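Reviewing the structure listed below.
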Amino acid sequence: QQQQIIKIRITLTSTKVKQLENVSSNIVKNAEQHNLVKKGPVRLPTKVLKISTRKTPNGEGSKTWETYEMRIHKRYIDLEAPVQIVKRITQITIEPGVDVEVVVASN
Amino acid sequence: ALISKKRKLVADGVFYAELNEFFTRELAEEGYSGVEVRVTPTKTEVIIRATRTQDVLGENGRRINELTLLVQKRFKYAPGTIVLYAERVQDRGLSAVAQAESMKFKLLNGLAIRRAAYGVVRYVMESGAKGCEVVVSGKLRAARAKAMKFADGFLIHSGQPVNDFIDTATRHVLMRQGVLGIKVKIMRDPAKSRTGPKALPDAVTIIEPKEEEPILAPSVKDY
Amino acid sequence: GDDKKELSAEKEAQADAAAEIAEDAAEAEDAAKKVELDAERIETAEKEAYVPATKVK
Amino acid sequence: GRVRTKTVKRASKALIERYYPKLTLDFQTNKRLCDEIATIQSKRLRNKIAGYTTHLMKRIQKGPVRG
Amino acid sequence: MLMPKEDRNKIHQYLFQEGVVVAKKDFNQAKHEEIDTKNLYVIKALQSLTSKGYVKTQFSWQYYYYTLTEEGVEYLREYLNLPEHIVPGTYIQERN
RNA sequence: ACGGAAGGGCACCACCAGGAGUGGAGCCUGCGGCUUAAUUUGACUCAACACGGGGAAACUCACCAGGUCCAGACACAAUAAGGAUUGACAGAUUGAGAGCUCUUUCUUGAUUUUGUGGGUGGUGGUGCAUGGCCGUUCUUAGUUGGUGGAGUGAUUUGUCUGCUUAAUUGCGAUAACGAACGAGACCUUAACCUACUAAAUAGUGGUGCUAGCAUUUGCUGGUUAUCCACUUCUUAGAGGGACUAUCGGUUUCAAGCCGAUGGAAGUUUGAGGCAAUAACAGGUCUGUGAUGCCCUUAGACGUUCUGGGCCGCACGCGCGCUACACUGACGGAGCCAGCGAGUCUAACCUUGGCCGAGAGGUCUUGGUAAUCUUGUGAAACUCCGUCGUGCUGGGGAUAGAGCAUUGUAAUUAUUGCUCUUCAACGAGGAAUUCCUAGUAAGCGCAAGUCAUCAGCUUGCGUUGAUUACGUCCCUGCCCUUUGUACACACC
Ligand SMILES: [Mg+2]
Ligand SMILES: [Mg+2]
Ligand SMILES: [Mg+2]
Ligand SMILES: [Mg+2]
Ligand SMILES: [Mg+2]
Ligand SMILES: [Mg+2]
Ligand SMILES: [Mg+2]
Ligand SMILES: [Mg+2]
Ligand SMILES: [Mg+2]
Ligand SMILES: [Mg+2]
Ligand SMILES: [Mg+2]
Ligand SMILES: [Mg+2]
Ligand SMILES: [Mg+2]
Ligand SMILES: [Mg+2]
Ligand SMILES: [Mg+2]
Ligand SMILES: [Mg+2]
Ligand SMILES: [Mg+2]
Ligand SMILES: [Mg+2]
Ligand SMILES: [Mg+2]
Ligand SMILES: [Mg+2]
Ligand SMILES: [Mg+2]
Ligand SMILES: [Mg+2]
Ligand SMILES: [Mg+2]
Ligand SMILES: [Mg+2]
Ligand SMILES: [Mg+2]
Ligand SMILES: [Mg+2]
Ligand SMILES: [Mg+2]
Ligand SMILES: [Mg+2]
Ligand SMILES: [Mg+2]
Ligand SMILES: [Mg+2]
Ligand SMILES: [Mg+2]
Ligand SMILES: [Mg+2]
Ligand SMILES: [Mg+2]
């Protein structure tokens, strides 16, 4: 005598684009296997964090610059799950490197 | 929470650096060879990768109690918010950092530069690595700084395979008369990759043909 | 070092690595305080440890 | 100015050396042949490898050539 | 380094409780977190106890890390007349 | 290795053909010089001079004039519970509401002091002691090992006359045969998907609900979900796609090259990323709690506090910004991007409503962000006018007077606005820079910096050429040959 509706939004952010994407779809139908309808993987544009800095520690030699990059990927999924699977896909959902964030209803 | 996640991602990226530095410093005597923390809103889990773990834990876990208790207070993690466990590193002679520190403690014990350097190279080779290389820079009893290279096997240096198969690690060993620079280069066996490509793009292996019998004028059987 | 005694150094390094993996392979088959600190004060909190008085003249 | 590397050239001769029954004079057919007959690591790489074998096999039907 | 014995007993006893202590390399702080004294009073109080061999120090990005030693334990063990095996910061909490 | 010899090459950091220019002038900025109490310092051909991310009001800060503090760990000794040592009200003193010092006399209680020894820090020195990093040879093509041939040997052949390539990239010739690093591969980014997976944080069609003009049903909007469908646009996952393909021309008809067609694309597809061996007394001890040694360390080269300086001005050099106008300045009006950023113990990005000529002020809200700031309505540019060739309304130095903003502090004027003042400059000597396609050049934008301060830089898109499609003449560098008594290698 449990399992009411959820109105959940699971927005996952991470830098590893193969470890976040395997657990991204690892749950794409780990809910459809239990036949839950859903709006699947939403892919916000990747984030490019750039750092332009001179290579020399001093200010000698040719003025050579160097741009560094860090790319971020955040994917949100809206679910249709129960009130006891809240903590089912919470622990083996992970792979070191993927920040998991589960949200609540639209208000 | 409470912040933007780009700031958050760079924030814990800085966090990994601060940690790895502190570890390479406090316990280097145990062949520490890197760490990594796992994202889990359960606990926080960092795993030490040294070569002598029993020394990392101490008397009935007394010293890891100390070590864990320290990283806790820097970021003031409520007691229980984090704990670390010591995991020995598999075949340390493939990950550069392990061998880099190895020579540091070898030269620091009075071994001949050539002898100690050559030892880790033959060790790293018989330890599995496809290739190896080590450079020693600085001064050794001679006011003029020299530099000797010691390498064995195969070693690629251009493109992406570099980021994939080569593990580098530099270490400044602070001696009596100067600061010697130790650089290590280990080439992991590509075929034995186990994660990702397993051969440099140069490798193009063709599977050879087999038996070509004569015409053997038409025949056909039924079933 | 010098190239004249290298051989005795190269083989000593060869013999060196021999010992390093010998221990490596050898370490594969090898083999309180009934008091407290934060509660020692919560236990030793007994009285008869001070005497207050003030405000004379 | 794109002379193919001898890495691909060395490979092209080594396959025409043992696969003339196969290896039709068309690139596309030869291209899908390498994914199954070779262990190349990239599209682009095998593309010039197969694209070269074609030119070699296109000339063998004219006369012989070194290798 | 001059400091009232009361402010020294605060930090002195804090070490026996936790066994380890951290401090940021920032004088002019005027007070330590987890302690009731000036950060300045703490750092070279520790480095003094360090020069005696009772505690090991490290810097690692401008935060001081101090670990009490197997020999200094007895030193402060007789600063409040602690009993043999009273407490190290060495007791597994429940089953750790 | 080098040569002040000879033969072959490659390149817009070299010319050819041209473009846009600096050099001339005003200011900005750095470097010299000079001046100064100080005007802190590194660096001086390419490879110093908008470089130290170096846009310095305090800080920064290293300099100068002055004031504080020990944060002199640890060890022995001395002093010392009759007190080792600590602190301050007011007062004199002081930039100072610093008990610095002094007067007076309470205080603190073994934490200091004194001496020595030993440390500790310093942007003190030494980069000609080092690490590490970085800069240069290098808009390069070089390095090496197996078997074999030569040589007593160090060695050489491999690793080559020619031809082709960006490439020791191949062809071909070949006592060499077959390989590895480096080049290629590779990786990233920008270009192709009506084929796959679908998304109110992206968007399209219908439909509700809804508004204007025309009516004849239409045309143009509103609508945080009113519903319904979709993935072309958007996004980012997985694939595919190109391999110089086809045909032809050229050529040992070899590697290759060139023309045409096809093609998203046919200049290494464009742009990057990475990058072997060696070499430098290249720069960096002023990034480092990287460091050897030396210096100093209590009247300090430690450290902080107050103020000044790095901006100081007869001049010399260099990177720039704005111009000399009519392919214009101005005024209305049309009015289109892209790379970014952005507020928790918080003051970041800011829409919107008012007040204000402006600057700005003020009242609220969205936003930790594809969600709000933002379609960043940017600028050149397009349009319609006023101006008329005259330093003119081009030009905007200098300068006065006022109002704002940043900030503890704006004087030597941080920045913004307003009025007024209206310089030189009428296309720049000798000289020299960058560059071949969405490039040059014009244009503004974000980001770094940042409380305030871009004439700087790093990225971005916006409008968009000329003339090349070649050579070794200039210059530079490679490669042979060659001489060498140099090998610490022509310093
Ligand atoms: Mg490459
Ligand atoms: Mg396969
Ligand atoms: Mg040419
Ligand atoms: Mg040319
Ligand atoms: Mg010309
Ligand atoms: Mg000219
Ligand atoms: Mg003071
Ligand atoms: Mg002393
Ligand atoms: Mg002394
Ligand atoms: Mg220093
Ligand atoms: Mg000097
Ligand atoms: Mg040097
Ligand atoms: Mg150096
Ligand atoms: Mg060029
Ligand atoms: Mg012989
Ligand atoms: Mg030769
Ligand atoms: Mg699509
Ligand atoms: Mg065409
Ligand atoms: Mg020098
Ligand atoms: Mg340095
Ligand atoms: Mg000052
Ligand atoms: Mg200056
Ligand atoms: Mg310049
Ligand atoms: Mg106009
Ligand atoms: Mg007014
Ligand atoms: Mg809010
Ligand atoms: Mg005029
Ligand atoms: Mg004007
Ligand atoms: Mg002109
Ligand atoms: Mg700015
Ligand atoms: Mg700058
Ligand atoms: Mg000779
Ligand atoms: Mg000379």
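Note that each Cβ is placed from the backbone with ideal geometry, even for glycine, and that neighbours are counted across all protein chains shown. Basis: the model, the stated rules and, where named, an outside source; no laboratory read-out is quoted.
Residues that are surrounded by 16 or more Cβ atoms within 10 Å (Cβ to Cβ), on the phi > 0 side of the Ramachandran plot and outside the structural domain of B:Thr40 (by CATH): does region B:112-125 have at least one?
So the first thing to find is which residues in region B:112-125 are surrounded by 16 or more Cβ atoms within 10 Å (Cβ to Cβ), and the list is B:112-125.
Subset that is on the phi > 0 side of the Ramachandran plot: none.
For region B:112-125, residues surrounded by 16 or more Cβ atoms within 10 Å (Cβ to Cβ), on the phi > 0 side of the Ramachandran plot and outside the structural domain of B:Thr40 (by CATH): absent.
Which residues, counting only those in region B:59-97, are more than 23 Å from B:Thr42 (Cβ to Cβ) and in contact with a helix residue (DSSP H, G or I) (Cβ under 6 Å, 6 or more places away or on another chain)?
Residues satisfying the conditions are B:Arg88, B:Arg92, B:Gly93.
Taking region D:23-67, which residues are hydrophobic (A, V, I, L, M, F, W, C), more than 18 Å from D:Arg2 (Cβ to Cβ) and part of a helix (DSSP H, G or I)?
D:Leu33, D:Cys34, D:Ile37, D:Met57, D:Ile60
Go through (1) surrounded by 13 or more Cβ atoms within 10 Å (Cβ to Cβ); (2) within 16 Å of the chain's Cα centre (by Cα) and name the single condition B:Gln90 misses.
(1)
Are any residues in region E:48-87 within 10 Å of RNA strand F (Cβ to nearest atom) and among the charged types (D, E, K, R), and if so, which ones?
Passing the criteria: only E:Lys52.
Of all residues in region B:193-204 being of a type outside the set (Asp, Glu) and surrounded by 10 or more Cβ atoms within 10 Å (Cβ to Cβ), which is farthest from D:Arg18 (Cα to Cα)?
Here is the first cut: in region B:193-204, the ones of a type outside the set (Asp, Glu) are B:193-201, B:203-204.
Filter again for surrounded by 10 or more Cβ atoms within 10 Å (Cβ to Cβ), leaving B:193, B:197-201, B:203-204.
Numbers: B:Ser193: 30, B:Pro197: 27, B:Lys198: 26, B:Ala199: 24, B:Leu200: 24, B:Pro201: 23, B:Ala203: 19, B:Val204: 15 Å.
Among residues in region B:193-204 that are of a type outside the set (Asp, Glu) and surrounded by 10 or more Cβ atoms within 10 Å (Cβ to Cβ), the one farthest from D:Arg18 (Cα to Cα) is B:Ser193.
Determine whether B:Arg144 is in the same structural domain as B:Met103 (by CATH) and either loosely packed, with under 11 Cβ neighbours inside 10 Å or on the phi > 0 side of the Ramachandran plot (or both).
Yes.
Could you tell me whether region B:177-190 includes any residue that is more than 7 Å from RNA strand F (Cβ to nearest atom), surrounded by fewer than 15 Cβ atoms within 10 Å (Cβ to Cβ) and within 14 Å of another protein chain (Cβ to nearest Cβ)?
The answer is no, given that none of the residues of region B:177-190 is more than 7 Å from RNA strand F (Cβ to nearest atom), surrounded by fewer than 15 Cβ atoms within 10 Å (Cβ to Cβ) and within 14 Å of another protein chain (Cβ to nearest Cβ).
Going through region D:38-67 one residue at a time, which ones are among the small types (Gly, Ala, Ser), within 12 Å of the chain's Cα centre (by Cα) and near RNA strand F (Cβ under 6 Å from one of its atoms)?
The one that is among the small types (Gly, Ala, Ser), within 12 Å of the chain's Cα centre (by Cα) and near RNA strand F (Cβ under 6 Å from one of its atoms): D:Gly51.
State all residues of region A:88-107 that are more than 16 Å from RNA strand F (Cβ to nearest atom) and either within 10 Å of another protein chain (Cβ to nearest Cβ) or in contact with a strand residue (DSSP E or B) (Cβ under 7 Å, 6 or more places away or on another chain) (or both); if no residue qualifies, say none.
Those that are more than 16 Å from RNA strand F (Cβ to nearest atom) and either within 10 Å of another protein chain (Cβ to nearest Cβ) or in contact with a strand residue (DSSP E or B) (Cβ under 7 Å, 6 or more places away or on another chain) (or both): A:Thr90, A:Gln91, A:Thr93, A:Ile94, A:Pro96.
Yes/no per residue for (1) acidic (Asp, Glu); (2) over 14 Å from the mean Cα position of the chain (by Cα):
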position: E:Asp36; (1), (2): yes, no
position: E:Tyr41; (1), (2): no, no
position: E:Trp61; (1), (2): no, yes
position: E:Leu80; (1), (2): no, yes
position: E:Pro88; (1), (2): no, no
position: E:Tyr91; (1), (2): no, yes
position: E:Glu94; (1), (2): yes, yes
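Could you tell me how many of the residues in region A:54-81 are within 14 Å of chain B (Cβ to nearest Cβ) and near RNA strand F (Cβ under 6 Å from one of its atoms)?
3
Conditions: (1) outside any helix (DSSP H, G or I); (2) under 19 Å from the mean Cα position of the chain (by Cα). B:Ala100 meets all but one. Number of the miss?
Here B:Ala100 clears every test but (1).
Before we move on, is B:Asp222 more than 14 Å from chain D (Cβ to nearest Cβ) and either on the phi < 0 side of the Ramachandran plot or assigned to a helix (DSSP H, G or I) (or both)?
Yes; evaluated as a whole, the condition is true for this residue.
Search region B:156-169 for residues being near RNA strand F (Cβ under 6 Å from one of its atoms) and of a type in the set (A, V, I, L, M, F, W, C), and hand back the single one that is surrounded by the most Cβ atoms within 10 Å (Cβ to Cβ).
B:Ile156
Name the residues in region B:4-45 that are of a type in the set (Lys, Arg) and more than 14 Å from A:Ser14 (Cα to Cα), would you? Write out each step before concluding.
Looking only at region B:4-45, we keep the residues that are of a type in the set (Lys, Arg), and these are B:5-8, B:25, B:38, B:43.
B:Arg25, B:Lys43, listed by residue number.
Would you mind telling me which numbered condition in (1) assigned by CATH to the domain that holds B:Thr24; (2) surrounded by 15 or more Cβ atoms within 10 Å (Cβ to Cβ) B:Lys106 fails?
For B:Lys106, the exception is condition (1).
Could you say whether any residue in region D:13-34 is among the acidic types (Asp, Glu), near RNA strand F (Cβ under 8 Å from one of its atoms) and surrounded by fewer than 15 Cβ atoms within 10 Å (Cβ to Cβ)?
For region D:13-34, residues among the acidic types (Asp, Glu), near RNA strand F (Cβ under 8 Å from one of its atoms) and surrounded by fewer than 15 Cβ atoms within 10 Å (Cβ to Cβ): present.
The rows are residues; the columns are (1) more than 9 Å from chain E (Cβ to nearest Cβ); (2) part of a loop (DSSP other than H, G, I, E, B).
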position: B:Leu67; (1), (2): no, no
position: B:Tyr77; (1), (2): yes, yes
position: B:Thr81; (1), (2): yes, yes
position: B:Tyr85; (1), (2): yes, no
